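The block underneath contains the structure these notes are about, expressed in structure tokens.
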Amino acid sequence: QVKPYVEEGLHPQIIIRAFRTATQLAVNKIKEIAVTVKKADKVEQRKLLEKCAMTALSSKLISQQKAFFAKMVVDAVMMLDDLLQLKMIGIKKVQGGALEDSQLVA
Amino acid sequence: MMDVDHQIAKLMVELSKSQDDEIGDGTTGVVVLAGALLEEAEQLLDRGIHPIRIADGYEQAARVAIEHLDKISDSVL
Amino acid sequence: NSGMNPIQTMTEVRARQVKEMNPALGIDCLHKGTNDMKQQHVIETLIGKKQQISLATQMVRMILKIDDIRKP
Amino acid sequence: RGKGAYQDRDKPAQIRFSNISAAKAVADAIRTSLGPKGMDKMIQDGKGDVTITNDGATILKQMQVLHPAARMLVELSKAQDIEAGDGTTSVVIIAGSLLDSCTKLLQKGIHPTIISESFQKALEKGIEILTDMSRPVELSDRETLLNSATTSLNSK
Amino acid sequence: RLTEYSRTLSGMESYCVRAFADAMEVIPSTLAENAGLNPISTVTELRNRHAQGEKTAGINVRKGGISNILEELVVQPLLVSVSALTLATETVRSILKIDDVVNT
Amino acid sequence: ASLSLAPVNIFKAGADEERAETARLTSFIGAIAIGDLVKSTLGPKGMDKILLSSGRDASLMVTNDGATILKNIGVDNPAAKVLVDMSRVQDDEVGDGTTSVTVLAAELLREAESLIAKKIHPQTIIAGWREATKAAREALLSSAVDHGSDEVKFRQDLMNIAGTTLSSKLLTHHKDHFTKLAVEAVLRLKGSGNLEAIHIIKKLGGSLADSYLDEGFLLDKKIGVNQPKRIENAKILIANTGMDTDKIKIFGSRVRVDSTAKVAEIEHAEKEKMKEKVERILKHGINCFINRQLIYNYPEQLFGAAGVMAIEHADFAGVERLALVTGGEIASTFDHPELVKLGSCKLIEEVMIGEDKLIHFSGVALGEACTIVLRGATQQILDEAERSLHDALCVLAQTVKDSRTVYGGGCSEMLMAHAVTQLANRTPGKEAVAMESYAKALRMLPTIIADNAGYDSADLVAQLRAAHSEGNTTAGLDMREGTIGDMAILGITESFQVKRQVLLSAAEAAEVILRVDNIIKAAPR
Amino acid sequence: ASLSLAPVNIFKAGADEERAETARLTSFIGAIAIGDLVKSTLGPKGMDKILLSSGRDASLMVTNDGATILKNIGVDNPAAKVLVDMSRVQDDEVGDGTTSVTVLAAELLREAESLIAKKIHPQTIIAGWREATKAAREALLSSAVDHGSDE
Amino acid sequence: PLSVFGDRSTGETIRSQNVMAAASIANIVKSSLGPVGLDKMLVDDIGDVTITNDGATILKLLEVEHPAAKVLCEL
Ligand SMILES: Nc1ncnc2c1ncn2[C@@H]1O[C@H](COP(=O)(O)OP(=O)(O)O)[C@@H](O)[C@H]1O
Ligand SMILES: Nc1ncnc2c1ncn2[C@@H]1O[C@H](COP(=O)(O)OP(=O)(O)O)[C@@H](O)[C@H]1O
Ligand SMILES: Nc1ncnc2c1ncn2[C@@H]1O[C@H](COP(=O)(O)OP(=O)(O)O)[C@@H](O)[C@H]1O
Ligand SMILES: [Mg+2]
Ligand SMILES: [Mg+2]
Ligand SMILES: [Mg+2]
Ligand SMILES: [Mg+2]
């Protein structure tokens, strides 16, 4: 978008300042209009996590089982204790079997 | 034992190995079925259908077929 | 593979399967004289067929999702 | 009748499939140059000569194709250009699609002679249908002539 | 019409004529393509309109849809479609009668 | 000891030799390869080949003709060269039977290989084959039926023969139309065998069924600038004169004067001589003038002023065909108008075929010369149609020369094989085995014909053999469904000359190849 | 389409596959060549061969044994490898019969080639051969004579 | 599939390539426009020197092998 203005000889410092101002405004707007629920409801929190996981999953080859894998991921993260260490979630890959054959071990 | 260089051929080989590991039989039927599915998807693509739509339809039909197999199955002692 | 005409045999078997409720009618590969696989005792595990269909569908989806190749 | 005659060779099938694939590739090549919304191709030969064209016969003749089925399709486009002068892209697309269907027909286990006679029957029926759909025209009507010329030029 | 004719036929001839009709369906699909229209929906709508009796229904690119095209003044002489069909059929029949390639 | 396996070497570098077993192996391998290649293009249900040239031209050719297939292949096996030349000579002698003769020779050599493996001296095989060839020859000769006396039956025989010849080729799609066309074209020759009098013009575009035999004649030449494009009741004069800067043939002559006025006078004299020649030509009272050579501008305008068509540069074939079709005489002197016959035709005009313009002669006087317009969708289709039509015309002309006919569809081969078997059953020694192998090859021919159609060849051939043993001498393969039937009723007939030539040439080539026990190759160049 | 006769190349450099005609032809040629080589050393009037090793030692070995002839040759045709291994196993199981088994297998494969040329499905050939083998084995067993009692 | 003895480019690739070629030709002579434009000095690999501001001359002296750029040069 700024390439045409660069071709006209506009000073890059002006473009940098404009980007900084626009980004600050956009981040403030995102923080302002983001929807948050101040209830700390377990059911609502679980549903929010499941929906966020499904949205993060509905672009990959496992998107057909996105509800299944979102439920698994939410369960795993919730049962993680306090630091949410990634090394505390084992990922074992075994050849053969359908995607629905995948399981989460308690 | 087939010396292939194409990556999709390697995917076919891995599919056969997966069928062998999980079941042990039917390692030839999977390859023929996959080839038939891709052959049909070719003529579907030629008519301007997004490949993701083809994959979704295949998944739906596979669910239907698996349910039908469970329905018409028989038990042995 | 058995030398029979594929389309004619498959069409006739499918028509017989529709006409009479008998999902056991298949291809008489050994030319035993009957199309009923139950008397011919041609038995396959349900797990095997389900795995076949599942794996084939998943691999086909994975191949359909690829739209770029960057070999050296 | 039982087992029937065993197909010893299977090389004729390979040759036939290869011919069909070549024709289908040619059609898919000249597939985007069809209709009022088609776009021109650009061909640079072994010399420095450069051609920008939408004419199917010109596109096919300009690029060397090296495959016997593709060369026969080029000759087909030339013949259509001689007899008609337009539809050179459409005839090649039709031939490619016909052979693409022949692939599945042969794979079903149909001899490539039942296919030919059935295609002849279909062609005769289609000629009857097209003749039924046609409308008489006399050269005294300038509007029809202008509409035909404009339709011909719509894709260039 | 050729699909109907195949329905009137029997045996492998019916399958071959069905394949012929499906192959003929390519040109409307290609016309729907290259124009931004959805090929599947456009072809299905054309087939439905023609089954309803609209012999002149065709792909309309000015309005981005399907409508009568005689009012769009899109006409061509008969000895274009007839010639193309005849020549394509002859070429396909010639190619089908080939089973070997010899290098001279 | 042998030349190659000797402690001292007697050969130039690159020159080798092959002793008995090795030479026989190479010869049999080459012959079997040739036979396997040419077959599968045999019979009504045969397929065509693609001859993709690897040369600079990279010419593409699609054909069912065995002779053309064998011609355009790079052959290095000498026995394969023998078979190729046999096929070429077969084509030169008669128009058909090339694939049949090649396949028969290959099958004979395969049987010879089996017999040699069975420890039989090749001379014994050759003697047995000579006896079997004789027996089959009298069998076929006694089988022949002649219909030349009856005009309607002879015409029906010609129709059947042309249909049978065209059954294998690409013209089988419109067999009826093309058979009628070929029969009419041959019958217009009035018994003359010159196939050069029949011109096949290939014009791209249009369906193969659009091909037609013109009722008059067609010429691919042009007309002068100021000359009529259409005349009625033409009086054609066909000539071979120069009329192009016509020089007096005294090569040592030259013009040597002392003034340019004299040069101008000599030039006017030359033009006056040309004008006098044109006047002498016109004294014949003609409308259309056809010259073999070029016609320059001055005679062109002289003809135009007189309202005379002047077709130029019609080659020797052109003037010969025009003389045949119109009855004119090819003249080169015009001092005796009364002694030169002028061709006549009802109408001359220009027709529009494809995108080209041709001169059309209508209502010709004699008509003993034909032009056939071939329309097709590809160049390969046109070339193959021309080859098939040439085969049909050759066979029809041969049948006109000799009207004896034999039944096709393998009936003749079954009859020959039955006669050979009958001879072999009353002959002692291994020559009986050789004759049985001869019969086996003769039966293998229609076996290949049946295999090409996907039929039960073994069962059909067994049925045919049983029928011929019983006494049914006209039994043959019914290719419509896959049974055996009466060839006389079903109208499958062939020329006796073609079958006799096929049998004799195949036997000859098999005999000459079998006689070889050593192949010596010189150093290649 | 075929795995090798397709526009896309699915093989590494040097990989090769041989379809129906080529596979059957190579198998038949290899088997028949092996049978022809080992025969003529059969029966009381059989002759002996010379085996010249091409190695450093260039070991010389004249022999009539079929198994030793087939063992010390450079075989690259896979069907010929099958026949060589069959002859070796026959030698291991019993001392004699190494040449006879190879010749019999070669003749069987030659007849199979003829039958395939006659348009007979190889499964039919195999079924007929299995029945024939059962019948022949039964006849041979019925014809056996035992003399182990009398010294 | 096509088996054409040559290279093929289709879609956004060829369009962007043509745009790049035209843009390169424009950028060659964009600096010689208007009163504050400056001339160029062309050396013809045998020592011949051509100093010019005319666009046509600059485009004729340059040797170009991309056909869209050739189109602009002939323009
Ligand atoms: N204005 C238009 N609206 C819809 N279709 C059109 C229009 N103009 C042309 N066509 C169609 O486009 C098709 C392709 O024609 P064209 O692109 O000129 O190549 P060709 O004439 O060689 O087929 C024709 O069959 C015609 O029916
Ligand atoms: N309609 C038919 N019915 C049965 N046999 C036929 C028929 N037409 C041709 N044949 C057989 O096909 C054989 C080969 O003919 P063809 O391939 O046309 O020429 P060539 O003799 O050069 O091979 C002939 O011997 C003939 O007997
Ligand atoms: N004196 C003999 N008379 C007839 N046949 C014999 C005689 N000796 C051996 N044979 C036959 O020769 C065949 C081949 O045996 P041989 O050549 O010794 O080697 P191998 O047993 O390894 O094939 C045997 O089947 C046997 O029947
Ligand atoms: Mg199994
Ligand atoms: Mg047009
Ligand atoms: Mg013939
Ligand atoms: Mg022994």
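Below, each value reflects all heavy atoms present in this structure, side chains not excepted, and no hydrogens, waters or symmetry copies. Counting starts at 1 for both ligands and their atoms, following the listed order. Here is the naming used below: chain letters follow the sequence lines, and residue numbers restart at 1 for every chain.
Considering backbone and side-chain atoms alike, F:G408 places every N or O at 3.5 Å or more from each N or O of ligand 2.
With contacts defined as side-chain heavy-atom distances shorter than 4.5 Å, the pair F:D402/F:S495 does not qualify. Inter-residue side-chain proximity for D:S148 and E:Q76 is flagged as unmet; no heavy-atom pair is nearer than 4.5 Å. Between F:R404 and F:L141, some side-chain heavy-atom pair lies under the 4.5 Å cut-off. Between F:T172 and F:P44, every side-chain heavy-atom pair lies at or beyond the 4.5 Å cut-off. The closest side-chain heavy-atom distance from F:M61 to F:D383 is not below 4.5 Å.
Contacts between F:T98 and ligand 2, counted as non-hydrogen atom pairs separated by less than 4.0 Å, involve both the backbone and the side chain. Counting heavy atoms under 4.0 Å from ligand 2, residue F:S100 touches it through both backbone and side chain.
Counting the atoms of ligand 2 from 1 in the order shown, those under 4.0 Å from a heavy atom of F:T165 are 18 (O). Contact atoms of ligand 2 toward F:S167: 7 (C), 8 (N), 9 (C) (distance under 4.0 Å to a heavy atom of the residue). Those atoms of ligand 2 that come under 4.0 Å of a heavy atom in F:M479, given as number and element, are 3 (N), 4 (C). Interface atoms of ligand 2 facing F:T164, defined by a heavy-atom separation under 4.0 Å, are 8 (N), 9 (C). Taking every heavy atom of F:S168 and a limit of under 4.0 angstrom, the matching atoms of ligand 2 come to 16 (P), 17 (O), 18 (O). Close approach of ligand 2 to F:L42 (heavy-atom distance below 4.0 Å) involves ligand atoms 14 (C), 23 (O). Atoms of ligand 2 found under 4.0 Å from any heavy atom of F:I492, numbered from 1 in the order shown, are 1 (N), 2 (C), 3 (N). Of all atoms in ligand 2, listed by their number and element, those nearer than 4.0 Å to a heavy atom of F:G409 are 4 (C), 5 (N), 27 (O).
Not a single heavy atom of F:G66 sits closer than 4.0 Å to an atom of ligand 2. Within the structure, the closest approach of F:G43 to ligand 2 falls below 4.0 Å when heavy atoms are considered. Ligand 2 lies less than 4.0 angstrom from a heavy atom belonging to F:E494.
Regarding atom 22 (O) of ligand 2, its nearest protein heavy-atom neighbour is F:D96 OD1, 2.9 Å. With respect to atom 6 (C) of ligand 2, the closest heavy atom belonging to the protein is F:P44 CG, 3.6 Å.
The option from F:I449, F:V498, F:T493 that lies nearest to atom 11 (C) of ligand 2, judged by heavy atoms, is F:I449.
The pair F:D48-E:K97 meets the salt-bridge criterion, since a charged nitrogen lies less than 4.0 angstrom from a carboxylate oxygen.
Of all heavy-atom pairs spanning F:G46 and F:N452, the tightest one is CA-ND2, 4.3 Å.
With respect to F:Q497, the side-chain hydrogen bond (donor to acceptor under 3.5 Å, both in side chains) criterion is satisfied by exactly one of F:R500, F:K499, F:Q501: F:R500.
Interatomic distance, E:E33 CD to D:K37 NZ, rounded to the nearest 0.5 Å: 13.5 Å.
Side-chain atoms of E:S83 and D:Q80 form a donor-acceptor pair, as typed in the model, at a separation below 3.5 Å.
Minimum-distance N/O/S atom of B:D25 relative to the Mg ion (ligand 4): OD1.
Remark: the backbone N or O of F:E494 is not paired with any side-chain donor or acceptor of F:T405 at under 3.5 angstrom.
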